[PDB]
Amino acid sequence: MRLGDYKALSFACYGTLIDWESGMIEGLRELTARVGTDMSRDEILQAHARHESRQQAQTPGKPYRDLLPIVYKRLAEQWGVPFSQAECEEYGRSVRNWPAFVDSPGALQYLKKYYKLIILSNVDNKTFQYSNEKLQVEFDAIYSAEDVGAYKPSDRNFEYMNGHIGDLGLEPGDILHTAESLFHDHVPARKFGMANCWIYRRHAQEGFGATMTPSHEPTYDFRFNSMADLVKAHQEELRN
């Protein structure tokens, strides 16, 4: 069972290629400073994961940049600190500052040589253009939550990808779904019978950070601690 068996990789973006945990810690810094209970990073991320995934279910058609402001409000109210709508809206704009993992641009450019690259992302298209600039690769397709009308882990996102990859000359069995989030990506990927590759960005950390804690952890065909390690295993495959 080999990385080279696939014509395409489908990538989650935020948490896999973009360091959204660092990004949102920064975007929430003013808000969490108001709380002054000195919350740990992961408590902030997990609190965000809860309000984000629930609001994504509540208003699946809402652009991510308009959804995160509601998450900010919910966090502020849960934590019991004051806030303004203007801060909420600004937090939804902060995605465009969320930094790439440093191995992402180089890894994606390497992978581009060997695979069509597909994005399957919990994001709106306007926001994602900024992330794509940070990533410095051309994607063969970008299937976003805005396109879909729903957020991962909804079935609709994978259905929407499967219904469009024919335009790229692909079938679902050609695609290795590559992602960090067990909850958003690997549970549904397995439900759709996709081969999957877990980029275990949190290998040296505890718990699931900005993704919901899955009750039934999914299997995965490949696992690597980083995009760099995915590339390393690929180069090794070609050596053999």
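Residue numbers run from 1 along the displayed sequence.
Q: Decide which of the stretches 27-35 and 179-187 has the higher mean C-alpha B-factor, going by the entry.
A: Per the deposited B-factors, the answer is 27-35.
Q: So 7-15 or 228-236, which one's hotter by mean CA B-factor in the entry?
A: For C-alpha atoms only, the mean B-factor is higher in 228-236.
Q: From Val81, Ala145, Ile119, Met161, can you pick the one with the highest C-alpha B factor in the entry?
A: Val81 has the highest C-alpha B-factor of those listed.
Q: Could you look up the Cα B-factor of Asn196 in the entry and say which third of the chain it sits in: lowest, middle or highest?
A: It falls in the middle third of the chain.
Q: With respect to C-alpha B-factor, does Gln46 fall in the lowest, middle or highest third of the chain as deposited?
A: Tercile = middle for this residue's CA B-factor.
Q: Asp167: which third of its chain by C-alpha temperature factor?
A: Its C-alpha B-factor belongs to the middle third of this chain's values.
Q: Taking the entry's C-alpha B-factors for this chain, is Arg54 in the lowest, middle or highest third?
A: It falls in the bottom third of the chain.
Q: How does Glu133 rank on Cα B-factor within its chain, lowest, middle or highest third?
A: CA B-factor rank for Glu133: middle third.
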